[PDB]
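Worksheet for the structure shown next.
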Amino acid sequence: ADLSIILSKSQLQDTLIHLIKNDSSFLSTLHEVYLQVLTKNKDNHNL
Amino acid sequence: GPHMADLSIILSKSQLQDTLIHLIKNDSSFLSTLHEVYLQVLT
Amino acid sequence: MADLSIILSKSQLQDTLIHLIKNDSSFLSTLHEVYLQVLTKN
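Residue numbers (PDB author numbering), protein chains in the order written: chain C, 536 to 582; chain A, 532 to 574; chain B, 535 to 576.
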């Protein structure tokens with residue numbers, strides 16, 4: 536039963552705002568991955 | 532103005548998640564922009 | 535973009551993502567383009 540739909544650009548804008556604003560599980564997943572990327576990629580030295 | 536209904540949101544969620552995840556992992560410029568805008572605009 | 539030292543908290547990230555999605559016109563184009571790429575598995 537694996538259905539996909541296509542959002543227009545305006546409907547993508549609305550949907551993403553809903554999800555970031557209201558879906559705390561959606562937002563935790565983004566932030567956990569963001570954290571992972573920053574800690575992994577931090578250069579040992581700067582200039 | 533009107534909003535998307537729950538059905539569209541529910542069927543879109545995981546592609547939207549993957550889209551942002553793709554950008555966060557693979558586009559250093561995408562995170563630059565978040566950091567700049569937070570510093571420059573939001574604080 | 536070489537090195538990222540800033541680390542936003544969850545609600546800093548949320549607030550910034552929403553500001554850009556609301557107000558930044560090319561940022562949205564960029565999301566849309568990658569989304570269509572994700573959707574069409576290409």
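Note that the Cβ used here is the ideal one computed from N, Cα and C, for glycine as well.
Self-check item: Cross-chain neighbours of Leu-554(A) in chain B, by beta carbon under 9 Å
Solution: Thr-564, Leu-565 and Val-568
Quiz prompt | 8 Å contact criterion, which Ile-540(A) and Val-572(C) should meet: CB distance rounded | solution = About 26 Å; that fails the 8 Å criterion.
Quiz item: Between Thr-550(C) and chain A, is there a C-beta pair that is closer than 8 Å?
Solution: yes
Practice problem: Quick one: using the 10 Å Cβ neighbour count with 16 as the cut-off for buried, is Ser-559(B) buried or exposed? | Solution: Looking at its Cβ environment, which holds fewer than 16 other Cβ atoms inside 10 Å, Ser-559(B) is exposed.
Exercise. Taking only the alpha-carbon atoms, compute the straight-line gap between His-566(A) and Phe-561(C) and give it to the nearest angstrom.
Key: 20 Å
Exercise. Ignoring anything shorter than 4 residues or poking outside the region 545-570 of chain A, list the alpha helix (DSSP H) runs there in chain order.
Key: 559-568
Self-check item: Partner residues on chain A for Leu-542(C), Cβ-Cβ distance less than 9 Å
Solution: Chain-ordered, the chain A residues with CB closer than 9 Å to the CB of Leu-542(C) read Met-535, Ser-539, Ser-543, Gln-546 and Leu-547.
Quiz prompt | Nearest-angstrom Cβ-Cβ length linking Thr-550(C) and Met-535(A), presumed shorter than 8 Å | solution = 5 Å
Exercise. Would you mind telling me which residues of chain B sit closer than 7 Å to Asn-576(C), beta carbon to beta carbon, in chain order?
Key: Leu-538
Quiz item: So is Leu-547(C) buried or exposed if we call it buried at 16+ other beta carbons inside 10 Å?
Solution: buried
Quiz item: Are any of the Cβ atoms in chain B nearer than 8 Å to that of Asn-581(C)?
Solution: When Cβ-Cβ separations below 8 Å define contact, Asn-581(C) makes contact with chain B.
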